[PDB]
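One-letter residues, chain by chain:
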Amino acid sequence: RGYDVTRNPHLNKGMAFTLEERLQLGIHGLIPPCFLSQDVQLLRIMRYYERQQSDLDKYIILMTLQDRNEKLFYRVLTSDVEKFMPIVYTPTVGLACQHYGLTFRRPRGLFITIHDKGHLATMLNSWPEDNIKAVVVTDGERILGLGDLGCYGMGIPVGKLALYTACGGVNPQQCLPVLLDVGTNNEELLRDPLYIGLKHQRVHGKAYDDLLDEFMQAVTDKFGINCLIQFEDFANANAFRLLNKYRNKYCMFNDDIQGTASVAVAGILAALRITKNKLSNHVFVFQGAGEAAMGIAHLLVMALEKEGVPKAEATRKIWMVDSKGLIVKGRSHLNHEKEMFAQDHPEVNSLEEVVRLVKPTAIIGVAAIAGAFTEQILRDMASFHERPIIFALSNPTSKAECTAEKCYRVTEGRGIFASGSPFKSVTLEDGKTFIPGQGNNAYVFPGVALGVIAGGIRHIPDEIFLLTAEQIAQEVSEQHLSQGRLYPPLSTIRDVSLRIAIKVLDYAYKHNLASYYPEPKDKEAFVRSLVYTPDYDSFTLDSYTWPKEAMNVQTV
Amino acid sequence: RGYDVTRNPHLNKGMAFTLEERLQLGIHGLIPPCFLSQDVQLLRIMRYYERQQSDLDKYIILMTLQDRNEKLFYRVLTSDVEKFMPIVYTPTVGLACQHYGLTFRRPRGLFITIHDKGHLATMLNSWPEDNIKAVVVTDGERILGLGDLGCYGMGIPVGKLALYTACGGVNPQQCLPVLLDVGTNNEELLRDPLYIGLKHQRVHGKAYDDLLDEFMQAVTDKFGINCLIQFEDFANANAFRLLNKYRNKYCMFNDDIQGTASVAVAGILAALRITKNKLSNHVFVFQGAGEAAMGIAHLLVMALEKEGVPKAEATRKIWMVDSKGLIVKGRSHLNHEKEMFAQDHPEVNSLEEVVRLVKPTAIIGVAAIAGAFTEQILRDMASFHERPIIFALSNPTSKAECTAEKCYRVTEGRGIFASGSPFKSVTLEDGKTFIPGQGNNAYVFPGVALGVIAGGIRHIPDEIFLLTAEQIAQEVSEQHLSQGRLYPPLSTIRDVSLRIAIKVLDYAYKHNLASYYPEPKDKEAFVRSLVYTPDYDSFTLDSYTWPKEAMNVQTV
Amino acid sequence: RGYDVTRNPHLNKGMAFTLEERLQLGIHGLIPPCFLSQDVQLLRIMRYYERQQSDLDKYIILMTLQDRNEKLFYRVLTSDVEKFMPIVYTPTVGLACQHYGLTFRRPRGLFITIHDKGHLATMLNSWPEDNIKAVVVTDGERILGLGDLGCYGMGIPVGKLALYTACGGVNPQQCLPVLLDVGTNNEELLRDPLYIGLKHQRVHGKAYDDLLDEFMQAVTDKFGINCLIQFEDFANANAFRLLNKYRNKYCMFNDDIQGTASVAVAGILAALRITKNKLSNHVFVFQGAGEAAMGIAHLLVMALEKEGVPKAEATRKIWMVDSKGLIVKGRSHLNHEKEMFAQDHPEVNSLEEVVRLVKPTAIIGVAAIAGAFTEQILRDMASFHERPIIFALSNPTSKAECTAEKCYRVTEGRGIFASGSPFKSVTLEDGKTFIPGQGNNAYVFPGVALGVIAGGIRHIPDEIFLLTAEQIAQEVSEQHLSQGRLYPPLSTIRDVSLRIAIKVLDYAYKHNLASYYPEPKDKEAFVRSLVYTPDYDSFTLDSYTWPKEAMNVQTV
């Protein structure tokens, strides 16, 4: 195809094109006279990558590599996914969003604005790839820890899709990052000469609803109803509203809502293997938030009902506390969702007296307030239940409800701890050394996405996410459970994803949800056939001959 | 896209490109300074078309028009489909096959040979269109009335696909004509300097079976398992064997076997509306052949069982005679299929004495022997049953079992006649004027194909063809039934196809056969959205603006 | 390049693509499984070509072949150029122009209209080839023998360029046929539903002059000042005016004016070899017309001055007669050009008495009136000069000034005859058998065009055409001169063109007219390197390797 082969990141191999490939593709001379394996390209990229003194510069190098040679980009990522996941995605992707340096060389993503309503199909036609299986659309309104970033949020889909392939196995060529720019309510960005967005207040209401309706409709008209559409950092109100709106109409899901809940329930079910106790013999106190503990609570209720527990006594075991006390009948501001987990109980003021009042086996704290798990709570919880469960799932480590070493000291080294912020290994007296598990959304969305794209699943119900949580809980080995670790190491995420992708797939074929008709007998080898690998293809034409008489030139 | 727009038949409009379209596409100057509607282009094509003195020259003009401007080609066809169906398809397409003049200007079709086994996916990649919904593959072994034509048979898929769109509504851009060249057992073609084929004896056996297996596998790998694959004029042995082989593995069907049977049963069910009698009160005598009367018999048995008649007494009403007499228990050479319709009965020698012995209401003659319906048979059949049924379904009019005016005279103008060869209107005494129906395969395969492609039906069972026959039987009006016409006029085929395409579609969604998930509420308007029309598209870019501030160029 | 290779006539070889070429180009399967040499393709085209009963159908086949496979098209033409020159060019090209059947499948030519003034560069951009060396622009106003054809005249450039390559050697890919549609003064075409033109009266005056000025300017801006621009059948007034306008500004020439004169002077100089006499010992009587005998007279005067004859006594030997008698000082309507060849002489009324009065050695009759060379003129001319010269250069054989057998009888078989209309061999008594030469413009314009394009000649002066006439005169062998033949057989035109192309080239480098700088030592082998041959190229990639260590893949 000539010089254009070296500009296509999905085709360009750089100095890994063999001489025959260079001669056949018509690109001989455009590449230095050096023929390299992908391993040498990887070591050269690593040598250049360690020269940087900041995470933003590492991000720039990785995004440039993705713009040049995407197979080498995913070779880099999958080489050590634990060390590049925080660089191409959160936390570094947000710090790069807020501090864009006109980064993306190759157009990476589709910017669809509110002023394009009615012409979204024409904009989808701008994307070069026309066989798209996954779409990660963002609004830029609630970037993790950064707030409203508007059009700067494009790095978040681009990043998360990079994890669809590095962690899952999704082809990074049927993936499309979309940014719906409806304006931004960020005065810092509005008064900025280097802002690349619309520079007006964020549109809301029926115009916004119609924009997203037409977006889902156009994406499914162009790419099929099986196109997996994931909603990225939308505002929690918009997030949950649109999730309930498009849940059963499109192959849509939300990772900030459902992936987080799945990871939390996976940690809980993994801790169940430490306590050697059934989920039915548990009671949960939460720190409810704006669809943060609500999804975890619903998924945990589903896990309870799975064991043959009716929904009534299943939701009986859930208590919610948020800056006001328990959720009892019509306390002050109970909404239609808080009343679902409302216990008819004396109104309790704060956390300490409810942890004392009902003896909890697991406290799941996601409230974005620090130190909410005071020492006395940990101590009397360890006294109540041997081997309790403490979940400081707040993302900002400065705002975590507890800390690893605090939980392990005050509980005398028998409190199963897990967080969402990186806590280093805690070594205590009595030889008690713990590796506290780190809950990561990359455990759920890559495997679920790979299974959904492999099977052509039409809708992603909550049963799929409970199943994902169960598989992740089964991923942890006994050796890691002894170390107090609740999630499998990220260095195995690929394999984990595969397993999830199979189980999900199984479910979809057991409940008539998958569209892929031939119904593979070996779903393991079927999913393995769709897993994208960074290994280079061969660009040499397949030559063959005919049996010497059918091939005759037939001269007169 | 420039000069290449005028070389693409699916895009080129010739002198129907408006000046703005010519300027936007960069083709201004390449087209004469004449701007035409499609009606003027149609009248000019017609004026040039009537200048020809042979049907082969008309075929050359139509194929050239298809190579130039396919929307005008299908405008021509759909303008008067009754007069162009015998030109782009049988009988003229065979006479053009045997007398090729190096016709096809644009590459129209894919020639896959036996010597390409193992590399068929690479050959499928040669086809420019990559979204293919229908594949009409031929072998060239049993072209209608012409015999083994080998690689000359390419005109038959190309022709039949032209009827998929002219009669049905199928997009003639997701249609792919394939010719599997395995050699030819035609000495006239082997010893021919102008033959375009392989020039060796036709390969058979396991090599041929493996070639077709790999062909179906490659077609479904590249184009999906929902790709409709129709088998064209294969040898009847190969035809039926491959039909039973790939019937339930792929979306495959055979029109020479199943479409013919559907048209015959449609004529029978339409004659049922003349006799005002139920199918249960009928007995059928056939002229069995090599899967010609066998398919009609099976479909008629299915029609009988549909009325709550058990299969035993249903197949009781079928008698088969072929140059040997009845099919009674082990007469001389009963196969595994003849024994299915075998009656325990005294062995009868010829046709006359079985028509006398069991009084038949319908004689379905497809045996390729002439005059087999002698005068005495017609007369005593008219005497036995008032308003009998005579079916001379033999294609060569020189070899038809009976004739229109003969059947109408000897039966005293009350014998419902139908054929497969064109019989002109018969005017008799007593003012008896009859328009004998002409059974045409174009009544079945376009509508069935449109329904299958619209609904993504995975397999085409015999119930679909019985349903097609029922719909076609319902297509005939009472005014035409009074004239003794059993099939709707071809000038309405489009509409007929649509109706079939809907009913088929209904069936597929009632029996969980369709893959298209969203499950349209209005299947009529859903199928109408996929019907291809010869009306030109607009090649003008959709221009629009932004609200005057988001569109600001933002100068420093 | 895939399926698009088979749509490019300059690349498509049809069934002459070898299996390796088909596999490398990605076109395997699109072509029948038959591998042919160009000789078999030629014989198949010939077999299909002889089936036609009209010249228009032969023209349609040849134009279709040019639209499919242009190398095979020029193989056909150059195979027997004498039998295809009257089919792809005059006289058949005009009969096809007037009787267009919406012929050209592939866009063949550029239609630039008067309403495109100011945007001609954008229209030149529509032509796919961007390296153009020759442009044959027509107006359609004075098609040979057909009159104003307007936009139907596009076949005339397309035809003449086909002779640039079949007769000359010009690459038919740096050739561009242009039609300047300024309207048409043809009421038959204006009131015609199938006319493809502008359908208004022909624009003239300053608008037309500005259109042609901008056309020459745009053609030379896009394709260089060395682009050879030939003016086709313009009106003689417009023809001569534009010729004098753009003669010394662009590489422009006119074949209806200058090629005709060159062929006539070539016939005269060839007859000089029969009379064994120098041109100085000759006197010429003409039948002057609207720049028909004027160009011949000027070129003949130049030939005279070449022999060291001053211009005065050189033009002394020219006499002009047109329906009024001689051209003497201010007879009735002498223009500024007739006065140049005006002799101070008694005013003569008709032709007979001037042929009697001044004894002419050569009568050059181009006046489009029949029988103007009456028997007595031929007889007394044969009596005056032994071995006279008679030139009935009128194109319509019905309007030729004389006839072959008449000239050969009345002159007693010693009158050197030549015409522009095909006169068959004349066999007379005394064993006198003559093959009268047929003057053809294809003797001049292909060779001159090939030399001009090879050398990058900037302007084509009249010296080049006199030199062309001299070379053509030298082309005739003594054996043909004995038969009374004055022009070489067309079956050698290629070679003739080459020789002309060299001599022209020599002249251009001797008078500092050629732009090609390196100044070839062997101009014969230089021109032979640019001669286009119908032989197919090889589309196989040039594969090679490196010395086993520079080619190492260099694994870690």
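Residues numbered from 1 in each chain as written, not as in the entry; some residues may be left out. Chains lettered and ligands numbered in written order. Part of a larger assembly, values for the part shown. Heavy atoms only, no water.

(A) Layout of the packing of aromatic side chains. Residue and element names in this part refer to chain C. Taken as a whole and assessed by the stated rule, the structure comprises 47 aromatic pairs over all chains. Measuring from centroid to centroid gives 4.9 Å for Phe-73 and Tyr-74, while their planes differ by 70°, and the two rings are edge-to-face. A residue is classified by how much of its surface remains accessible, and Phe-73, at 0% relative accessible area, is buried. Aromatic pair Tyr-408 and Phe-434: ring centres 4.0 Å apart, planes at 5°, arrangement stacked. Of this pair, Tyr-408 sits in helix α17 (residues 404-410) while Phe-434 sits in strand β12 (residues 433-434), and the two are 26 residues apart along the sequence. Given the relative accessible area of 2%, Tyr-408 is considered buried. (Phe/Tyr/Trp six-rings, centres within 6.5 Å; stacked < 30°, edge-to-face > 60°. Buried < 20%, exposed > 50% of the residue type's maximum accessible area, 1.4 Å probe, protein only. Helix = DSSP H or I, 4+ residues; strand = E, 2+ residues; numbered from the N terminus.)

(B) Molecular detail of the interface of chain A and chain B. Counting residues at the interface gives 24 residues for chain A and 23 residues for chain B. Both faces combined, the contact of chain A with chain B buries some 1,900 Å², and carbon together with sulfur accounts for 57% of it. Applying the counting rule to chain A against chain B returns zero salt bridges. Counting every contact that joins chain A to chain B gives ten residue pairs in polar contact. Its residues assigned to classes, the side of chain A that touches chain B shows ten nonpolar, nine polar and five charged. (Contact = heavy atoms within 4.5 Å. Buried area = accessible area lost by both parts, 1.4 Å probe. Salt bridge = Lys/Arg side-chain N within 4 Å of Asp/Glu carboxyl O. Polar contact = N/O pair within 3.5 Å; in protein donor to acceptor, adjacent residues only side chain to side chain. Nonpolar A, V, L, I, M, F, W, Y, C, P; charged D, E, K, R; others polar.)

(C) Local environment of the packing of helix α13 (residues 293-306) of chain A against helix α19 (residues 462-475) of chain A. Residues and elements named next belong to chain A. Where α13 contacts α19, the two axes come as close as 10 Å, and the packing angle between them is 80°. Between α13 and α19, the crossing angle belongs to the class labelled roughly perpendicular. For the pair α13 and α19, the contacting residues are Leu-299, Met-302, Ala-303 and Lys-306 in the first and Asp-462, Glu-463, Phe-465, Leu-466 and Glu-470 in the second. Here the contact of α13 with α19 is composed, by residue class, of five nonpolar, no polar and four charged. (Axes fitted to C-alpha atoms, helices over the stretch in contact; angles between N-to-C directions. Parallel < 35°, antiparallel > 145°, perpendicular 65-115°, else oblique.)

(D) The arrangement of helix α3 (residues 55-68) of chain B in detail. Residues and elements named next belong to chain B. Taking 1.5 Å per residue as the helical rise, α3 with its 14 residues ought to reach 20 Å, and the 20 Å between its terminal C-alpha atoms agrees with that figure. Counting buried residues along α3, eleven of its 14 residues qualify, which places the element largely inside the surrounding structure. Listed as buried for α3 are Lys-58, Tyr-59, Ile-60, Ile-61, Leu-62, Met-63, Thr-64, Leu-65, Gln-66, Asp-67 and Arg-68. On the buried face of α3, the contacting elements are α2 (38-49), α4 (70-79), α5 (81-88), α6 (92-98) and α8 (155-166). (Expected span 1.5 Å × (residues − 1).)

(E) Focus on the UniProt feature "active site" in chain A. Residues and elements named next belong to chain A. This chain's UniProt record puts "active site" on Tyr-89 and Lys-160. These residues run over 72 residues, yet every pair of their C-alpha atoms falls within 6.3 Å of each other. With respect to the element layout, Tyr-89 can be found in the loop between α5 (81-88) and α6 (92-98). Contact partners of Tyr-89, with chain neighbours within four places excluded, come to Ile-156, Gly-159, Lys-160, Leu-163 and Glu-232. Mapped onto the secondary structure, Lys-160 falls in helix α8 (residues 155-166). When residues no more than four places from it in sequence are discounted, the contact partners of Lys-160 are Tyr-89, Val-136, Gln-230, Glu-232, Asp-255 and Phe-445. (UniProt positions renumbered as here; feature names shortened; annotations may be inferred.)

(F) Structural view of the environment of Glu-347 of chain C. All names here are of chain C. Topologically, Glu-347 is positioned in the loop between β7 (318-320) and α15 (351-357). Counting along the chain gives 92 residues from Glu-347 to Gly-439, while the straight-line C-alpha distance between them is 32 Å. Residues within four places of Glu-347 in sequence aside, it is in contact with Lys-324, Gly-325, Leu-326, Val-328 and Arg-331.

(G) Here's a closer look at the interface of chain C and chain B. Counting residues at the interface gives 46 residues for chain C, matched by 46 residues for chain B. Approximately 4,000 Å² of surface area, both sides summed, lies buried where chain C meets chain B, with 61% of it carried by carbon and sulfur atoms. Summed over the three residues of chain C that lose the most area to chain B, namely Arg-7, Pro-33 and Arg-44 of chain C, the buried surface amounts to 17% of that side. Between the two partners, chain C and chain B, sit zero salt bridges. Summed over the shared surface of chain C and chain B, the number is 13 residue pairs in polar contact. Those elements that place two or more of their residues in the side of chain C that touches chain B are α2 (38-49), α3 (55-68) and β1 (110-113) of chain C. The greatest single-element share of the side of chain C that touches chain B, amounting to four residues, is contributed by α2 of chain C. Of the residues that constitute the side of chain C that touches chain B, the class distribution is 24 nonpolar, twelve polar and ten charged.

(H) Representation of the UniProt feature "binding site: NAD(+)" in chain A within the structure. Residues and elements named next belong to chain A. Summarizing the sequence annotation, UniProt attributes the feature "binding site: NAD(+)" to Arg-142, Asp-256 and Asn-395 in the numbering used throughout. These annotated residues cover 254 residues of sequence, and their C-alpha atoms lie no more than 13.8 Å from one another, placing them together at a single site. The topology assignment puts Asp-256 in helix α12 (residues 255-275). Take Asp-256: its relative accessible area is 14%, and that puts it in the buried class. Those residues in contact with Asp-256 that lie beyond four places of it in its chain are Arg-142, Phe-231, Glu-232, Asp-233 and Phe-234.

(I) Here's a closer look at the relation of the copies chain C and chain B. Take chain C, turn it by 180°, move it 0.0 Å along the axis, and it overlays chain B with an RMSD of 0.0 Å. Taken together, the rotation angle and the small translation identify this as a two-fold axis. No C-alpha of chain C lies nearer the rotation axis than that of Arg-7 of chain C, which sits 3.7 Å from it. Here 100% of the contact residues of chain C are again contact residues in chain B; the copies associate through an equivalent surface. (Least-squares fit on C-alpha atoms.)

(J) Region of the structure containing the sheet that holds strand β6 (residues 284-286) of chain B. All names here are of chain B. The six strands lie next to each other as β7-β6-β8-β9-β10-β13, forming an open sheet whose pairing is parallel. Edge positions in the open sheet fall to β7 (318-320) and β13 (437-438), since each of these has one partner strand only. Both strand β8 (residues 362-365) and strand β9 (residues 389-392) contribute to a ladder of four bridges, which runs parallel. Note that in β9 the partner of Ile-363 across the bridge is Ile-390. Sitting on the sheet, helix α12 (residues 255-275) touches β6, β8, β9 and β10 (416-419), and the angle it makes with β9 is about 155°. (Pairing = 2+ DSSP bridges.)

(K) Expanded view of the sheet that holds β1 of chain C. All names here are of chain C. In space, the five strands of this open sheet follow the order β1-β3-β2-β4-β5, with parallel pairing throughout. Each of the sheet's edge strands pairs with one partner strand only, and the pair in question is β1 and β5 (252-254). On average, each strand axis in the sheet is tilted by 25° relative to the strand beside it, whichever way the strands run. In this structure, strand β4 (residues 228-231) lies alongside β5, joined through three bridges in parallel fashion. When the bridges of β5 are listed, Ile-229 appears paired with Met-252. Here helix α11 (residues 236-246) sits on the sheet in contact with β4 and β5, set at roughly 155° to β5.

(L) Region of the structure containing the side chain of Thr-184 of chain A. Residues and elements named next belong to chain A. As for its position among the elements, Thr-184 is in the loop between β3 (175-181) and α9 (187-190). Its relative accessible area of 0% is what places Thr-184 among the buried residues. With residues near it in sequence (within four places) discarded, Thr-184 still touches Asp-148, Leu-149, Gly-150, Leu-189, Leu-190, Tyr-195, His-200, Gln-201 and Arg-202.

(M) Region of the structure containing empty space enclosed by the protein. If you walk through the whole model with that rule in mind, you get seven cavities of 30 Å³ or more. Size it by volume and the largest cavity reaches roughly 530 Å³. For the largest cavity, the lining is made up of 27 residues, of which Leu-102 and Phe-104 of chain B together with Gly-14, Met-15 and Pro-32 of chain C are closest to its centre. Looking at the lining of the largest cavity element by element, the count peaks at three residues for α2 of chain C. For the lining of the largest cavity, the residue count by class is 15 nonpolar, six polar and six charged. As a volume, the second largest cavity reaches approximately 150 Å³. Contributing to the lining of the second largest cavity are 14 residues, with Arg-7, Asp-67 and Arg-105 of chain B together with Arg-7 and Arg-105 of chain C lying nearest its centre. Contributing elements (two or more residues each) for the lining of the second largest cavity: α3 of chain B together with α3 of chain C. Ranked by residue count, the leading element in the lining of the second largest cavity is α3 of chain B, at three residues. In terms of residue class, the lining of the second largest cavity is made up of no nonpolar, four polar and ten charged. (1 Å grid on protein atoms, 1.4 Å probe; cavity = no way out; pocket = protein on both sides within 12 Å on 5 of 7 lines; lining within 4 Å. Points joined across faces, edges and corners; volume = space filled by probe spheres on them.)

(N) Structural detail: the packing of helix α10 (residues 206-223) of chain C against α11 of chain C. All names here are of chain C. Running from amino to carboxyl end, α10 crosses α11 at an angle of 45°, the nearest separation of the two axes being 12 Å. Considering the angle they form, α10 stands oblique to α11. Between α10 and α11 the crossing geometry is right-handed. Packed against α10, whose contacting residues are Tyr-208, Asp-209, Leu-212, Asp-213 and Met-216, the element α11 presents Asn-238, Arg-241, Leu-242, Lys-245 and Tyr-246 at the interface. Class assignment of the residues belonging to the contact of α10 with α11 gives a composition of five nonpolar, one polar and four charged. (Left-handed = near helix turned anticlockwise from the far one by under 90°.)

(O) Layout of the relation of the copies chain A and chain B. Once turned by 180° and shifted 0.0 Å along the axis, chain A lies on chain B with an RMSD of 0.0 Å. A shared interface surface links the copies, since 96% of the contact residues of chain A are contact residues in chain B too.

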